[PDB]
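Below you will find one chain, with nothing else, as structure tokens; this is the form deposited in one PDB entry, and questions on how it binds or moves follow later.
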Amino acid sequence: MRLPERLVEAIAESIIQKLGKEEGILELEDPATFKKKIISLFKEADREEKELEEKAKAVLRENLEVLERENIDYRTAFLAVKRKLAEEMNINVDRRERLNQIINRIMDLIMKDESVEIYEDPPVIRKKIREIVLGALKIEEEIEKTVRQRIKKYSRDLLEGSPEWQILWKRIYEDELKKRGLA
């Protein structure tokens, strides 16, 4: 589950408020563009995950006879093929390590941006941005936990994991985002 866009926006706003305005270790000429670039970074990371999934599907589609002949469940093969392609594409499949790659890309953006100056050792900036991103991940985890609790109510007449269940999950998720101002 990716971070919703308004939470990604909140990450960027938090970098500006804490590291810029409260601690003064970061200075930016253009906060709105800085936010835009961080949002693009998270969008691009999602585009990479989609490409990985489509590439994994395409590899499986050309090897269906292998799965049948060698008795390899499609679901197991997909996960294994996806992991291998991820290694080749340098995509970490754990959500946390993926976000860590994203923190490095944020640092790359900050350090290569001529309208940005930093008044601390770059790794110090990196660790503070990591704390902020982790904060957003903890919010997303708390939202997801609430969704799971709310959807359990419908266990009696709904198949857990069915397409309807997944759509209902997303509707409850959007409701929770609205209750927190994130949609």
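Counting begins at 1, following the sequence as shown.
Undergrad: Would 79 to 87 or 96 to 104 have the larger average of its C-alpha temperature factors, as given in the entry?
TA: The stretch with the larger mean CA B-factor is 96 to 104.
Undergrad: Which is higher in the entry, the mean Cα B factor of 154 to 162 or that of 113 to 121?
TA: The deposited B-factors put 154 to 162 ahead on the C-alpha mean.
Undergrad: Which is it among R47, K37, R126, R61: the one with the largest CA B-factor in the entry?
TA: Result of the comparison over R47, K37, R126, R61: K37.
Undergrad: Determine, from the deposited record, the chain-internal third of the Cα B-factor for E142: lowest, middle or highest.
TA: Middle third by C-alpha B-factor.
Undergrad: Tell me, lowest, middle or highest third: where does the Cα B factor of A136 rank within its chain?
TA: According to the entry, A136 has a C-alpha B-factor in the chain's middle third.
Undergrad: Can you work out whether the C-alpha temperature factor of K170 puts it in the lowest, middle or highest third of the chain?
TA: Lowest third of the chain for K170's C-alpha B-factor.
Undergrad: Using the temperature factors of the C-alpha atoms in this entry, rank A32 within its chain: lowest, middle or highest third.
TA: According to the entry, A32 has a C-alpha B-factor in the chain's highest third.
As for the form deposited in another entry, it is not shown, yet the points below apply to it.
Undergrad: Could you point out which of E140, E87, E48, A56 sits at the hinge of the rigid-part rotation between this form and the one not shown?
TA: So the residue at the hinge between this form and the one not shown must be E140.
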